[PDB]
Structures are given as structure tokens and as C-alpha cells.
Amino acid sequence: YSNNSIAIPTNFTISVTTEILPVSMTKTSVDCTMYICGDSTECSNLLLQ
Amino acid sequence: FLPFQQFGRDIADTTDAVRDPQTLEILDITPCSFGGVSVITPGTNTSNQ
Ligand SMILES: *[C@@H]1O[C@H](CO)[C@@H](O[C@@H]2O[C@H](CO)[C@@H](O)[C@H](O)[C@H]2NC(C)=O)[C@H](O)[C@H]1NC(C)=O
């Protein structure tokens, strides 16, 4: 730093860079009566509470 | 199966295969249910199709 000195460029360069971004995630679906009680009929009537 | 094994388990640690105690053959176990159907409708105010 001085108070009557300046620096100027005489040349240049072209630069290419990258940038990654997420957008979406996985879609899922569920069914309780299959997950909780599998294939029982007795558990279905209790889950119906 | 190896000659001394009687059961088979899946990644969820639930039984999926068995050995018949009399013929010594392997049987898969599969669910019998299909509740997840999707219904496309154009609105009951227009039609019942
Ligand atoms: C400004 O910068 C460019 C960037 O390289 C300089 O170009 C190089 O200059 C000399 C001239 O042929 C060679 O060493 C290289 O071949 C040039 N670049 C390439 C890609 O070949 C240029 O000389 C600079 N200008 C000044 C006045 O310094």
C-alpha cells in the first residue's frame, strides 16, 4: 500500500468450474395393515382401534 | 440348505423357507394379499367411470 501507486493487469485468463446441486429424493409408499399385522386377521381387528 | 439346516430367514429376520419333515424338501412362503391398487377417476360429479 502507498497513496500514489496503482496496479493494473496486462493479461487475462478464461476459467471453467463446476457446481453440483441435488433436486429430488426417492418416493416411497406404505401400507400399515401389511407392515404391522402382516397376514393375520386377528391383529387387523385389534388395529382397527 | 446345508444337510443340518431346517429354516431360512430374510434380511428382516423373518422366516421365508422351511423344510418338510417327512420328504425333506424346501418350500418358499409367500403372502396372499394385494390391497394396493390405484383408482383413476374424473370426479363422480361427471361420471361413474
Ligand atoms: C497474455 O497472456 C497470454 C496467455 O498465454 C499470452 O499468450 C501466450 O503468449 C506466448 C505468445 O505466443 C506463448 O508463450 C503462448 O503460446 C501464448 N499462449 C498460448 C496458449 O499459446 C500472451 O503472450 C500474453 N501477452 C503478453 C503481452 O504478455
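Shown numbers run from 1 along every chain as its sequence is written, which may differ from how the entry numbers residues; residues without coordinates are omitted from display. Whichever chain is written first becomes A and whichever ligand is written first becomes 1, with later ones labelled in order. The assembly from which these chains come is larger than what is shown, and the figures reported cover only the shown chains. To get the side-chain values, all heavy atoms of the structure are used, and hydrogens and water are removed first.

In the nomenclature of the PDB entry, chain B corresponds to Spike glycoprotein from the organism Severe acute respiratory syndrome coronavirus 2. Recorded in the entry header as its title is "Omicron spike at 3.0 A (open form)".

In the nomenclature of the PDB entry, chain A corresponds to Spike glycoprotein from the organism Severe acute respiratory syndrome coronavirus 2.

Glancing now at the sheet that holds strand β3 (residues 26-28) of chain B. Residues and elements named next belong to chain B. Strand pairing is assigned whenever DSSP detects at least two bridges linking the two strands. Numbered from the N terminus, helices here are DSSP runs of H or I no shorter than four residues, and strands are runs of E no shorter than two. Spatially, 3 strands are ordered β1-β2-β3 in an open sheet, and the strand pairing comes out antiparallel. Of all strands in the sheet, those bounded by a partner on one side alone are β1 (7-9) and β3. With strand direction ignored, the average angle separating the axes of adjacent strands in the sheet is 20°. Strand direction decides the pairing type here: strand β2 (residues 15-19) and β3, joined by 3 bridges, are antiparallel. Bridging across to β3, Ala17 finds its partner in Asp28. The axes used here are C-alpha line fits, helices contributing only the stretch in contact, and every angle between their N-to-C directions lies in the interval 0 to 180 degrees.

Turning to the state of the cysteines, a few remarks are in order. Note on disulfides: each one is a pair of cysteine sulfur atoms within 2.5 Å. Tallied over the full model, the rule gives 1 disulfide over all chains. For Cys37(A), the disulfide goes to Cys43(A), at an S-S distance of 2.0 Å. When the S-S torsion is -50°, as for the bridge of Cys37(A) with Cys43(A), the disulfide is left-handed. No disulfide involves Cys32(A); its sulfur sits 9.2 Å from that of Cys37(A), the nearest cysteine. A relative accessible area of 47% places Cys32(A) in the partly exposed class. The structure places no disulfide on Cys32(B), whose sulfur is separated from the nearest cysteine sulfur, that of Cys37(A), by 15 Å. Exposed residues in this analysis have more than 50% of their type's maximum accessible area, buried residues have under 20%, and partly exposed residues fall in between, with area computed by a 1.4 Å probe over protein chains only.

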